[PDB]
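Everything on this sheet refers to the single structure shown next.
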Amino acid sequence: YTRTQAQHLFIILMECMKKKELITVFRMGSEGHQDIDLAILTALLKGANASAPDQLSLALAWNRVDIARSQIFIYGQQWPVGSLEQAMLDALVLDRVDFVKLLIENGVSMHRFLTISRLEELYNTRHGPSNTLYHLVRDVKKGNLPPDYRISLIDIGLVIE
Amino acid sequence: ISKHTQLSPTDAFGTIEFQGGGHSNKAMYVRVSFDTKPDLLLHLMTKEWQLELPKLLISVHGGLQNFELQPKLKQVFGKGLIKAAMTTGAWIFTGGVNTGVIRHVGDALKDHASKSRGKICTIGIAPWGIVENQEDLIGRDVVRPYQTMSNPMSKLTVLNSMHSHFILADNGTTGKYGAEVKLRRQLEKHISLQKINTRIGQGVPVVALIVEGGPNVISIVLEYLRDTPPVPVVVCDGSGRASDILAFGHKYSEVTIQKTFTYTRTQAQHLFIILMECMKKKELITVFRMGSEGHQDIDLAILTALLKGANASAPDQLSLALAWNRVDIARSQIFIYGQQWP
């Protein structure tokens with residue numbers, strides 16, 4: 001295939017095999033990861049060499065619940081304190097029902113998570129699909145509203161009434 | 001010290017709501033001394049908790065470390081245990097904390113509860129010194145919320161959810177085991193002698209289930225086999241612990257050069273004396289293997305071991321099968337060729 005044994009690519013080949021922690025091989029029925037789409041995504045989580053919260057954030061961004069279920073949520077992960085709470089808040093803002101269910105099943109409790117400030121933050125999000133809450137808040141509290149306005153829980157009570 | 005503690009009264013009983021899980025599960029609990037008489041415990045469990053007297057008792061002795069069972073084996077084990085505990089009105093005695101085989105029992109209960117009706121009377125007998133929150137449970141006869149979140153650096157373990165009742169026994173210490181084994185064995189002995197509703201004269205049958213284990217699992221198996229009423233046990237092979245060693249030793253009854261496993265103090269220390277005593281009393285051991293031997297269903301393996309383990313006559317076996325409401329068990333075992341009914 002090359003210029004006989006006189007010319008070889010063995011130096012670069014052995015350097016690559018020295019850095020073989022990142023190589024992923026996809027074989028039909030021989031090794032694991034029989035799905036190539038799983039082979040690509042699982043290589044990205046370990047290839048980033050980041051913590052569990054960063055892997056969970058990446059899986060949340062990709063909207064792949066099974067990837068986080070089979071890889072991120074395993075035995076002995078040692079989440080930092082206050083990380084699952086932030087993951088739950090991010091999943092709640094981005095409208096990820098499957099991740100909310102998975103985080104609920106894996107330890108987090110809604111009674112301690114929900115505070116007044118967190119609910120205020122939830123009511124003033126920009127992610128997710130469109131909604132008509134701003135028009136209702138404008139219609140309730142007088143004819144005029146400032147542009148850069150934070151919607152307080154009093155306004156939500158007024159619009160509910 | 002030489003057990004110089006204060007004999008204070010009990011101050012923790014009621015019901016706990018396991019906050020955090022996706023299941024709304026209630027669990028009654030009491031905190032009693034480890035020297036409490038079995039009769040009073042049975043009175044509490046029968047009259048205060050409104051539990052009917054069981055037709056069967058199952059002990060789930062296993063390893064303490066968080067081992068992992070391979071797939072296609074833990075699933076069938078969980079399904080068989082659930083079916084045996086649900087079709088037959090029975091109690092399950094577990095460790096209680098969320099470590100070892102108790103986690104497997106917990107997820108088996110959790111998977112069943114999402115598909116079928118009914119409740120399983122799972123009872124956990126755990127020491128008080130290992131719970132992650134000794135506080136948050138002192139409220140007497142009042143619902144106390146409990147958190148299932150696990151902190152790996154807390155050096156303790158959380159109470160396993162999906163358990164119907166808890167018996168928290170304390171010897172006064174904190175952070176060590178050994179305060180519940182004797183009480184659990186005494187309660188099993190006292191409930192075994194309890195009379196079933198049938199007027200034949202037979203007590204509640206008791207079986208033991210072994211998954212994973214350790215050096216003390218051989219000791220408790222030997223103690224079960226040496227009881228004045230013998231108690232059958234059931235073991236598994238795909239665990240990788242002394243249960244697998246026991247299953248291997250079940251074959252070739254009376255290979256002594258295979259006593260090296262880097263698991264105990266070399267060849268100088270061995271459990272071969274107790275192992276060979278258990279293999280001398282191997283008529284009660286039952287081994288469940290996937291596709292190798294017979295009894296491919298573990299729920300059938302448990303029930304068939306109880307009929308032969310009682311060493312009773314055909315009428316008593318038929319009465320037991322009638323009480324368990326298992327027609328197939330009597331059809332395939334009791335009604336065979338040459339039974340000689342009185």
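Letters A, B, ... mark the chains of the structure tokens in the order given; residue numbers begin at 1 per chain; ligand numbers begin at 1, in order shown.
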
Compute the set of chain B residues within 6 Å of chain A, using only C-alpha atoms, and express it as an MDAnalysis selection string.
chainID B and resid 20:22 149

Mind checking which residues fall within 9 Å of residue 88 (chain A), counting only C-alpha atoms, ignoring those fewer than 2 positions away in the same chain, and posting them as a PyMOL selection string? chain A and resi 83-86+90-93+99-100+103-104+108+113

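By only C-alpha atoms, and with residues fewer than 5 positions from residue 284 (chain B) along its chain excluded, the set lying at most 9 Å from it is residues 225, 230, 231, 232, 233, 234, 305, 308 and 309 of chain B.
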
Could you save those same residues with N, CA and C atoms as a compact mmCIF listing (two decimals), in the first residue's frame?
# COMPACT_ATOMS: atom_id res chain seq x y z
N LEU B 225 -29.51 -24.01 58.67
CA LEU B 225 -29.60 -25.45 58.46
C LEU B 225 -29.51 -26.24 59.76
N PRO B 230 -35.61 -27.44 60.73
CA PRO B 230 -34.73 -27.01 59.63
C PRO B 230 -35.42 -26.01 58.71
N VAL B 231 -34.64 -25.06 58.22
CA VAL B 231 -35.12 -23.98 57.37
C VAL B 231 -34.42 -24.08 56.02
N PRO B 232 -35.13 -24.32 54.93
CA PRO B 232 -34.48 -24.40 53.62
C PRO B 232 -33.97 -23.04 53.17
N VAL B 233 -32.93 -23.07 52.33
CA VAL B 233 -32.35 -21.86 51.77
C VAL B 233 -32.28 -21.99 50.26
N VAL B 234 -32.22 -20.85 49.59
CA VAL B 234 -32.12 -20.77 48.13
C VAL B 234 -30.98 -19.82 47.79
N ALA B 305 -39.18 -25.58 47.23
CA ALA B 305 -38.27 -25.87 48.33
C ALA B 305 -39.00 -25.89 49.67
N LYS B 308 -40.85 -29.61 50.14
CA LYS B 308 -39.92 -30.66 50.53
C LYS B 308 -39.17 -30.31 51.80
N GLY B 309 -39.00 -29.01 52.08
CA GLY B 309 -38.28 -28.60 53.28
C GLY B 309 -39.05 -28.81 54.56

Problem - Which of region 68-151 of chain A DSSP labels alpha helix (DSSP H), written as a PyMOL selection string - result: chain A and resi 83-93+97-105+110-113+116-122+133-140

Can you tell me, as a PDB file with C-alpha atoms, in the first residue's frame, what residues are no more than 10 Å from region 32-49 of chain A when counting only C-alpha atoms, ignoring any on the same chain fewer than 2 positions away?
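Result file is selection01.pdb:
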ATOM      1  CA  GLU A  21      -7.916   7.082  25.008  1.00  0.00           C
ATOM      2  CA  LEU A  22     -10.009   9.074  22.505  1.00  0.00           C
ATOM      3  CA  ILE A  23     -10.249   6.513  19.687  1.00  0.00           C
ATOM      4  CA  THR A  24     -13.642   4.834  19.376  1.00  0.00           C
ATOM      5  CA  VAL A  25     -14.125   1.756  17.185  1.00  0.00           C
ATOM      6  CA  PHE A  26     -17.569   0.738  15.912  1.00  0.00           C
ATOM      7  CA  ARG A  27     -17.891  -2.968  15.078  1.00  0.00           C
ATOM      8  CA  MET A  28     -21.048  -4.817  14.055  1.00  0.00           C
ATOM      9  CA  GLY A  29     -21.813  -7.295  16.826  1.00  0.00           C
ATOM     10  CA  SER A  30     -18.216  -7.705  17.990  1.00  0.00           C
ATOM     11  CA  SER A  51     -17.659  16.958  35.359  1.00  0.00           C
ATOM     12  CA  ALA A  52     -21.060  15.325  35.760  1.00  0.00           C
ATOM     13  CA  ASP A  54     -21.369  19.588  32.392  1.00  0.00           C
ATOM     14  CA  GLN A  55     -22.277  16.200  30.915  1.00  0.00           C
ATOM     15  CA  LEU A  56     -25.841  16.636  32.178  1.00  0.00           C
ATOM     16  CA  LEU A  58     -24.758  18.789  27.333  1.00  0.00           C
ATOM     17  CA  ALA A  59     -27.317  15.971  27.356  1.00  0.00           C
ATOM     18  CA  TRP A  62     -29.050  17.748  22.913  1.00  0.00           C
ATOM     19  CA  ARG A  64     -31.338  13.069  24.631  1.00  0.00           C
ATOM     20  CA  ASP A  66     -31.618   8.034  27.107  1.00  0.00           C
ATOM     21  CA  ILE A  67     -28.002   9.213  26.829  1.00  0.00           C
ATOM     22  CA  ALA A  68     -28.174  10.750  30.303  1.00  0.00           C
ATOM     23  CA  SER A  70     -27.634   5.138  30.461  1.00  0.00           C
ATOM     24  CA  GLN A  71     -24.369   7.074  30.940  1.00  0.00           C
ATOM     25  CA  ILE A  72     -24.642  10.076  33.271  1.00  0.00           C
TER      26      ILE A  72
END

Taken to one decimal, the CA of residue 244 (chain B)-CA of residue 130 (chain B) distance is 28.1 Å

12 Å contact set for residue 73 (chain B), only C-alpha atoms, chain neighbours under 2 positions out, as JSON, numbers by chain: {"B": [68, 69, 70, 71, 75, 76, 77, 78, 79, 80, 104, 108, 211, 236, 237, 238, 239, 288, 289, 290, 291, 296, 297, 298]}

Just write the chosen residues, C-alpha atoms, as a short mmCIF file (atom, residue, chain, number, x, y, z; two decimals), in the first residue's frame.
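Saved result, out-v4.cif, follows:
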data_model
loop_
_atom_site.label_atom_id
_atom_site.label_comp_id
_atom_site.auth_asym_id
_atom_site.auth_seq_id
_atom_site.Cartn_x
_atom_site.Cartn_y
_atom_site.Cartn_z
CA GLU B 68 -24.05 -4.99 40.75
CA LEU B 69 -25.97 -7.87 39.20
CA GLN B 70 -25.67 -8.45 35.47
CA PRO B 71 -28.80 -7.93 33.34
CA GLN B 75 -34.75 -8.95 36.27
CA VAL B 76 -36.01 -12.54 36.44
CA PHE B 77 -34.98 -12.70 40.11
CA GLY B 78 -37.01 -9.59 40.89
CA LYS B 79 -40.02 -10.78 38.91
CA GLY B 80 -39.98 -14.17 40.64
CA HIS B 104 -32.08 -4.82 44.15
CA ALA B 108 -37.78 -4.98 42.00
CA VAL B 211 -27.86 -13.34 46.77
CA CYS B 236 -27.92 -17.95 43.18
CA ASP B 237 -24.87 -18.45 40.97
CA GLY B 238 -24.42 -15.25 38.95
CA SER B 239 -23.59 -13.19 42.04
CA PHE B 288 -31.24 -21.56 40.83
CA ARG B 289 -29.38 -21.50 37.50
CA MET B 290 -30.53 -19.87 34.26
CA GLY B 291 -31.08 -22.68 31.77
CA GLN B 296 -36.19 -21.97 35.54
CA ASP B 297 -38.64 -19.84 37.55
CA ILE B 298 -37.34 -18.58 40.88
#

| query | Taking the backbone alone, and naming residues the way the document does, which bits of region 230-279 of chain B are strand (DSSP E or B) by DSSP, as a PyMOL selection string? | reply | chain B and resi 233-236

- Message: I'd like the contact shell of residue 7 (chain B) - 12 Å cut-off, only C-alpha atoms, skipping same-chain residues fewer than 4 positions apart - returned as a ChimeraX atom specification.
- Response: /B:3,11,32-35,170-172

Can I get the selected residues back with N, CA and C atoms, as an mmCIF file, in the first residue's frame?
data_model
loop_
_atom_site.group_PDB
_atom_site.id
_atom_site.type_symbol
_atom_site.label_atom_id
_atom_site.label_comp_id
_atom_site.auth_asym_id
_atom_site.auth_seq_id
_atom_site.Cartn_x
_atom_site.Cartn_y
_atom_site.Cartn_z
ATOM 1 N N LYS B 3 -20.936 -1.880 77.243
ATOM 2 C CA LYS B 3 -22.362 -1.604 77.060
ATOM 3 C C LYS B 3 -22.966 -0.946 78.305
ATOM 4 N N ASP B 11 -38.761 7.206 71.572
ATOM 5 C CA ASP B 11 -39.165 8.569 71.253
ATOM 6 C C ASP B 11 -39.299 8.813 69.753
ATOM 7 N N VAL B 32 -37.075 0.923 68.640
ATOM 8 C CA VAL B 32 -37.101 0.102 69.840
ATOM 9 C C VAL B 32 -35.689 -0.382 70.134
ATOM 10 N N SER B 33 -35.480 -0.805 71.377
ATOM 11 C CA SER B 33 -34.195 -1.357 71.770
ATOM 12 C C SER B 33 -33.969 -2.707 71.099
ATOM 13 N N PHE B 34 -32.695 -3.071 70.955
ATOM 14 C CA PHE B 34 -32.343 -4.329 70.310
ATOM 15 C C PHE B 34 -32.627 -5.542 71.185
ATOM 16 N N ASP B 35 -33.002 -5.340 72.448
ATOM 17 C CA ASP B 35 -33.333 -6.424 73.362
ATOM 18 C C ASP B 35 -34.836 -6.585 73.553
ATOM 19 N N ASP B 170 -31.640 -0.113 68.056
ATOM 20 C CA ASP B 170 -30.410 0.562 68.441
ATOM 21 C C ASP B 170 -29.802 -0.103 69.667
ATOM 22 N N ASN B 171 -28.479 -0.256 69.652
ATOM 23 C CA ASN B 171 -27.731 -0.733 70.804
ATOM 24 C C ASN B 171 -27.025 0.395 71.544
ATOM 25 N N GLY B 172 -27.270 1.645 71.155
ATOM 26 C CA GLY B 172 -26.650 2.795 71.764
ATOM 27 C C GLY B 172 -25.490 3.379 70.984
#

### Query
If you count only C-alpha atoms, which residues fall within 12 Å of residue 119 (chain A), apart from same-chain ones fewer than 2 positions away, as an MDAnalysis selection string?
chainID A and resid 89 92:93 110 113:117 121:125 151:153 156

Using CA of residue 131 (chain B) and CA of residue 183 (chain B) as the two end points, give the distance in Å to one decimal.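 The value is 18.1 Å.
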